[PDB]
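Asker: Here's a sequence, model it:
(chains A, B, C, D and E, ligands or ions: 6)
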Amino acid sequence: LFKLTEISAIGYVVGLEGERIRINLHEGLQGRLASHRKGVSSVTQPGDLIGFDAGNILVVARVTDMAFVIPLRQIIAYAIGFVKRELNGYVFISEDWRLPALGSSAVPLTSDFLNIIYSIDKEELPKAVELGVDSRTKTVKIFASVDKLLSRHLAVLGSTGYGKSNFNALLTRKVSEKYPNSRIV
Amino acid sequence: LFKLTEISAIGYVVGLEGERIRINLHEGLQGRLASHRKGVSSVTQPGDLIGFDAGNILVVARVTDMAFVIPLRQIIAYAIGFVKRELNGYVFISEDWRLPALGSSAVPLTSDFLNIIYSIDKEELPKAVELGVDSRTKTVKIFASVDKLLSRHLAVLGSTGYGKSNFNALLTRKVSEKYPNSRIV
Amino acid sequence: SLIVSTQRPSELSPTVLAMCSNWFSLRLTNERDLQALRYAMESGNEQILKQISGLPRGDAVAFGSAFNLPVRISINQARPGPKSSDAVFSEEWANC
Amino acid sequence: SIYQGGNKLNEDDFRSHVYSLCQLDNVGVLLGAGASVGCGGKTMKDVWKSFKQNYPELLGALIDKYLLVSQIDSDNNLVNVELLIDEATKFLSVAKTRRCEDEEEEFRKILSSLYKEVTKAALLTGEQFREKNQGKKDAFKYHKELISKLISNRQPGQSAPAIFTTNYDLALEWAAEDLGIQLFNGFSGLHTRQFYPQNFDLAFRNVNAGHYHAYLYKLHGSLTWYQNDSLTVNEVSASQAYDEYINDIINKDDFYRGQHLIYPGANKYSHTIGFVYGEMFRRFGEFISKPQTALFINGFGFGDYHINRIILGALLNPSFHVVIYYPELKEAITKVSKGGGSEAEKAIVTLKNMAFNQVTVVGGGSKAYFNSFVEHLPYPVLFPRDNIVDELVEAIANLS
Amino acid sequence: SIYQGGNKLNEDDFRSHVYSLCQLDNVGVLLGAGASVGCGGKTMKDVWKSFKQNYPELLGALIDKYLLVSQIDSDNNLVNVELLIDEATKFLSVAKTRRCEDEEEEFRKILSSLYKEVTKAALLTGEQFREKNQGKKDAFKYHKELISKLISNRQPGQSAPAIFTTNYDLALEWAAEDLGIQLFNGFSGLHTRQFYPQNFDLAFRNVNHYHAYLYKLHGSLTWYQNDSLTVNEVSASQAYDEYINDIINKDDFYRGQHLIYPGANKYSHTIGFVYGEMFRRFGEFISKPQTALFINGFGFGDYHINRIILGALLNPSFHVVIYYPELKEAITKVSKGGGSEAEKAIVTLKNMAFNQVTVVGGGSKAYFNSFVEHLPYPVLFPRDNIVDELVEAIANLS
Ligand SMILES: NC(=O)c1ccc[n+]([C@H]2O[C@H](COP(=O)([O-])OP(=O)(O)OC[C@H]3O[C@@H](n4cnc5c(N)ncnc54)[C@H](O)[C@H]3O)[C@H](O)[C@H]2O)c1
Ligand SMILES: NC(=O)c1ccc[n+]([C@H]2O[C@H](COP(=O)([O-])OP(=O)(O)OC[C@H]3O[C@@H](n4cnc5c(N)ncnc54)[C@H](O)[C@H]3O)[C@H](O)[C@H]2O)c1
Ligand SMILES: Nc1ncnc2c1ncn2[C@@H]1O[C@H](COP(=O)(O)OP(=O)(O)O)[C@@H](O)[C@H]1O
Ligand SMILES: Nc1ncnc2c1ncn2[C@@H]1O[C@H](COP(=O)(O)OP(=O)(O)O)[C@@H](O)[C@H]1O
Ligand SMILES: [Mg+2]
Ligand SMILES: [Mg+2]
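Answerer: Numbering: from 1, shown residues only, chains lettered A, B, ... in the order given. Ligands and ions are numbered 1, 2, ... in the order given. Below you will find the coordinate block:
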């Protein structure tokens, strides 16, 4: 009928030591793809992002290891932050001093929650210009506030033949089309 | 009579410790040398290339270590890129953010797959300049592009009595013949 | 405010590079060129520095006060852009 | 108006504090008689007003002869109805034992009116009490939210939430039945339900490895509990109770079943009726005495003595935190300053003026009602705020 | 053309999405009557169209006297076959048990004509239904590719593909026998073949990738009931020798319980066993987590299939893909007002605000031939077929 979580649980925490987290999976997953109401996501490859259901907050972790214990599969991850709701939206706090408890579920992160992580304030959106998309998924759009970029000095580095003049032209031309009354030499 | 894989297997993935790939060899001495329809290949010394089957891609790796654990045997390797089909053939890419999943199989690479690793982008044939063959196997022919080799400066180094003048003479004469309207001093 | 572009970050003062609050770092392959970025800030950021060796052509890594968390970005292609290239030898040598 | 030991603080601090307390080992909620007004219920003062307006003749004889009810309180409307039926039943029992035939004809007619009036304010739906699927109406919209919010924020390895109550109404059960969650009240069986005092220690687990359960305690009985010709307690459905005795009470003008009912705390002198209230009080006292309890109170008028004594005695604990709702702070303080208010006012004002950060009292009149209390609780991040299930069912029902 | 939750998709996103669903834990395919039209089969409308002109005098009785089929549906060609077959069988049973010889003789001609018409389209090669090596021909070249694609795309240690069908033709077995792949239909034995429901729990092993599960929901031409109360299966040649050649070339319908197709005679205590087992297996298969299913060639005229499919989407991990050619006309007819219930169902499922439903339309881009190419090959899959040269060299030297 009605389940507490709208996203299908994958594994369960079996052991904890503090700084790192250990996870085992159910025996019915071999294809490294987990499905939800939105689409399909990858969970097992190193460098990806996963989450756990703990109380009224959501914790975000990163996959680093895939080592053998039908055998069992083990995953080691570390925490980077948590997601909270206050009035009608979502805020991402950048502290990881809280850890989940034993037996908690590990869940993937959909495209909706991935947009929130790489986002800024709503009122600063009208005065922002796009830069590009994420490389792992090619679906998220990254914005930047000109108020904070052009306050201190900005450093651009890169080797010969890998697209720095293109970035310079794209960044400089957009501001000119945005604020007619500005000086750049 | 129905055969899914016409190339023999060697081992399977047991560990993924970050950027490292761990492989266990199969029973018998078949993991030392393998034979297929085209010829005889081997994986016995650090610095060779092996492939992992992952469906639409073929991850290419280079081996570094080999040791005992008749006991169990292990191989560690690192990744380079992957190979995929485009229209009716194959295309090589040199991006190494991709890793295979646990439980796959490793197969030796035939001469038909070393050629695509060291080829050009299907359009620079008219300005192709021949240099030599690869040293490890002596089966792949190396070419170069006039518009990109002798466009900027170039460096030829080495000690005394080891063949600098031979390379100079070969390159100069081969460049002279392709277009009879070139100036060299 | 200034914008600094170079391919040899080692040829800059420790003071001039440390004034920046942002660092857009593209592909870099040299041992002596990678110490400046690490030394610009104290520890707590190591996972984002190991990727820089094997980045592809077009993408970039950006971190600073303009980002809540470091982001790996795929930059667009502006149209029209700068000049394509300088003179090419084959066409001039083969005009006849 | 939120008060913490004689100070003042705004809403943001209160919300942060509530969120902090909503992640402790033990959580309890206490609801009184004022929380059922959003469905069509009535408060005891309204019941007394209706009684003294509908039956005037018996009021005169209830003062001069027996001197059980004071003259002053009847005008001020501070009459404890729950403690009148006990004295009336005691009088009737002693008169019947002495075999005084003429005395019964009055005490057997004053109890019929009281039970006629008391019942009518507890149906909560009037005539539509015997029907089916009464939890899908818009009246009970908040109780489902309260139950879901309390249930869906417990980490693995933590106790299921416990709900205490005082009303003898059928609102929480109706609300919980629609969600599909089973509540524990101690009764077992279908064709013959009996009370098992040791049944409050069971949970649900999956044979392969859902976990949707919550306890419920009633401290003043319920409309559907009765004692048969034997000595045992039984439970039936709303339709069965309406067919058996509720209709007879509500319509027939010369009907009095006797000591067949169980509400509200009526015949506590019988030794087969107090066995329920004893366990209720035992479990309440055992729960609030736990090391890391976090409690909520709402709708409770503090008209009793033992509950207040138990709460105050439990307050001398270094790790007990309480939150109290009382929408009469200022009007009570005005009376307290001059000469002091009634007993409830004195009790609440003497509790509030304690110099502790554990106790917290909230004022603001209509801002401290049940409706506002409902959404003050946190909300899960993964909880779906979308319309999916209710639309697929409609699509399925359209197929024909 | 392509819709998923109200938006529109392009070709590359559709291809990438299709590839990702083929790597799921559970895969499944449902092929309808349309899949056989590419090799000799006929649509349900064509059967009634042919029967109207072949046997005209019997059409009046079915409407004027007995009142089984109405008028407007016959004019528009929206009449079933199985339901009227079942009703005719029930009527004949009542007439026989009531001793009414006047009406009993009438239904034999009707049932014989209907079964002859069904059989004359069920066959896929005509007179060569009894010869050998029918999978060596060219018309069955796409079922082979479907089987190979759905088998080769499974990681070692995973499950096996499951195939569901609603036909009673012999194309799939004929294709599977040529490759060297064994399909488990539930029967066992050679001289006496019998149905055991527990045979669907079997698998192979090597003592020192081969097998798939085929569920038929309308029986076959090679299933019949003998005098003993156990169903039996024979080869196509034996069926042609025994009870297939007679219906086509002769006028004889004395076997009111022998045949098992299609979806009829459900009032018997032996025939309903097979239908119940197949339907229960199909219904309980798609309740598993991490599942994917494709639908092709199946018009949505079945109420129970539609009901269970719509009710299965309530799970968070159920994904479906539908191929429906006549899509725009359905929208035009339902906006103005018209169409049958199937168009209503497809429209009311297309507009859903879900990401788990995909509908593909067109005129020839949604046919069975194009469904195969959307499924990929592995990079290591051999294709340079040279063993045939060795085979012919071996055969030539004798
Ligand atoms: N000795 C016993 O066993 C015994 C006997 C009788 C009563 N009781 C208990 O039950 C009593 C409760 O009944 P009461 O009639 O005294 O008043 P109450 O405590 O139920 O309600 C307090 C006040 O809240 C007002 N209110 C209206 N709507 C509200 C809302 N949505 N949220 C909050 N408050 C709202 C009520 O009108 C007013 O009574 C006392 O709490 C307590 O004495 C115990
Ligand atoms: N024995 C019975 O119970 C009985 C009787 C009559 C109909 N039916 C069936 O009719 C409906 C199911 O549809 P069906 O498939 O069984 O027959 P059907 O004739 O209803 O559907 C076939 C569909 O496929 C389309 N199509 C034609 N050629 C195609 C091609 N090359 N590629 C792809 N699609 C093509 C046709 O336009 C359309 O008719 C009911 O759901 C089902 O019961 C069953
Ligand atoms: N993000 C990008 N997307 C597409 N093409 C790019 C991108 N970055 C660089 N290029 C291409 O790379 C080539 C060389 O880049 P260029 O800007 O000249 O490098 P540099 O400035 O370091 O010399 C050009 O064809 C340019 O368009
Ligand atoms: N690629 C080669 N294969 C075979 N012999 C070579 C090759 N390169 C150089 N040599 C040998 O090296 C000699 C030339 O050396 P040279 O280049 O004159 O020495 P130095 O580097 O001091 O000028 C020749 O005799 C030639 O046989
Ligand atoms: Mg430039
Ligand atoms: Mg020299």
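Asker: for residue D:8, what are its contacts?
Answerer: D:1, D:2 (C-beta atoms under 8 Å, 6 or more residues apart in numbering or on different chains). C-beta here means a position set from N, CA and C on the backbone, and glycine is covered the same way.
Asker: can you list the residues of chain A near ligand 3?
Answerer: Proximity of chain A to ligand 3 (C-beta under 6 Å from any ligand atom) is limited to residues A:158, A:160, A:161, A:162, A:163, A:164, A:165, A:166.
Asker: In helices, which of those fall?
Answerer: When DSSP state H defines the helices, the subset of the residues of chain A next to ligand 3 inside them is A:165, A:166.
Asker: can you list the residues of chain A next to ligand 3 in a markdown table and add neighbour count?
Answerer: Formatted as a markdown table, the residues of chain A next to ligand 3 follow (neighbours: other C-beta atoms under 10 Å in any protein chain shown):
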| residue | neighbour count |
| --- | --- |
| A:158 | 20 |
| A:160 | 7 |
| A:161 | 9 |
| A:162 | 18 |
| A:163 | 18 |
| A:164 | 21 |
| A:165 | 13 |
| A:166 | 16 |
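Asker: Redo the residues of chain A next to ligand 3 as TSV? Include distance to chain C.
Answerer: Shown next, in TSV, are the residues of chain A next to ligand 3 (distance: C-beta to the nearest C-beta, whole Å):
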residue	distance to chain C
A:158	3
A:160	6
A:161	8
A:162	5
A:163	6
A:164	6
A:165	5
A:166	6
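Asker: Restricting to the residues of chain A next to ligand 3, which residues neighbour ligand 2?
Answerer: Within the residues of chain A next to ligand 3, nothing lies near ligand 2 by C-beta under 6 Å from any ligand atom.
Asker: ok, the residues of chain A next to ligand 3 vs residue C:28, which is closest?
Answerer: residue A:158 (7.1 Å; C-beta to C-beta).
Asker: Going by proximity to ligand 3, name the top residue of chain C.
Answerer: residue C:58 (3.5 Å; C-beta to the nearest ligand atom).
Asker: Excluding covalently adjacent residues, which one is nearest to that residue?
Answerer: Nearest non-adjacent residue to residue C:58, counting by C-beta to C-beta, 6 or more residues apart in numbering or on different chains: residue A:163, 5.8 Å away.
Asker: and that neighbour, what is it in contact with?
Answerer: By C-beta under 8 Å, 6+ apart, the contact set of residue A:163 is C:26, C:57, C:58, C:60, C:75.
Asker: Pick out the residue in the stretch 151-300 of chain D sitting closest to chain A.
Answerer: residue D:156 (4.2 Å; C-beta to the nearest C-beta).
Asker: so who does that residue touch?
Answerer: Shown in contact with residue D:156 (C-beta under 8 Å, 6+ apart): A:101, A:102, A:103, A:104.
Asker: before we move on, the earlier item: mind checking which of the contacts of residue A:163 land in strands?
Answerer: Mapping those onto strands (DSSP state E) picks out C:60, C:75.
Asker: Could you point out which of the contacts of residue A:163 is nearest to residue A:132?
Answerer: residue C:75 (4.8 Å).
Asker: Can you classify the closest residue in space to that closest one that isn't next to it in sequence by secondary structure?
Answerer: Residue nearest to residue C:75 in three dimensions, not counting chain neighbours: residue A:132, with 4.8 Å by C-beta to C-beta, 6+ apart. Three-state call for residue A:132 (DSSP: H, G, I helix; E, B strand; the rest coil): strand.
Asker: partners of residue A:132 in the sheet?
Answerer: residue A:142, residue C:75 (DSSP bridges).
Asker: So it is in contact with residue A:144, correct?
Answerer: No - using C-beta atoms under 8 Å, residue A:132 makes no contact with residue A:144, being 10.2 Å away.
Asker: Just confirm residue D:93 is within a helix.
Answerer: Yes - counting by three-state DSSP, residue D:93 is part of a helix.
Asker: can you count the residues close to it?
Answerer: Residue D:93 has 15 neighbours, counted by other C-beta atoms under 10 Å in any protein chain shown.
Asker: do the one 10 residues further on as well
Answerer: Residue neighbour count, defined by other C-beta under 10 Å, stands at 15 for residue D:103.
Asker: With residue A:170 instead?
Answerer: Neighbour count for residue A:170, taken as other C-beta under 10 Å: 20.
Asker: will you turn the contacts of residue A:163 into TSV that also has neighbour count?
Answerer: Output for those, formatted as TSV (neighbours: other C-beta under 10 Å):
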residue	neighbour count
C:26	22
C:57	10
C:58	18
C:60	25
C:75	21
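Asker: can you put the contacts of residue A:163 in CSV and add distance to residue C:93?
Answerer: Below are the contacts of residue A:163 laid out as CSV (distance: C-beta to C-beta, whole Å):
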residue, distance to residue C:93
C:26, 34
C:57, 28
C:58, 32
C:60, 37
C:75, 35
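Asker: What is the nearest of the contacts of residue A:163 to residue A:50?
Answerer: Nearest member of the contacts of residue A:163 to residue A:50, counting by C-beta to C-beta, is residue C:60, at 25.5 Å.
Asker: Where does residue D:279 fall, secondary structure wise?
Answerer: Assigned by DSSP states H and E, residue D:279 belongs to helix D:274-288.
Asker: That should have said residue A:6, apologies.
Answerer: With DSSP H and E as the test, residue A:6 turns up in no helix or strand.
Asker: Residue D:102 now?
Answerer: Assigned by DSSP H and E, residue D:102 falls within helix D:101-120.
Asker: tell me which residues in that helix are buried?
Answerer: Residues of helix D:101-120 classed as buried by neighbour count (16 or more other C-beta atoms under 10 Å in any protein chain shown): D:106, D:107, D:108, D:110, D:111, D:112, D:114, D:115, D:116, D:117, D:118, D:119.
Asker: Same check on stretch D:350-361?
Answerer: D:351, D:352, D:359, D:360, D:361.
Asker: just stretch C:68-79 next, same as before
Answerer: Within stretch C:68-79, the residues that qualify as buried by neighbour count (16+ other C-beta under 10 Å) are C:71, C:72, C:73, C:74, C:75, C:78.
Asker: Also stretch A:26-33?
Answerer: Buried-residue list, stretch A:26-33, by 16+ other C-beta under 10 Å: A:29, A:30, A:31, A:32, A:33.
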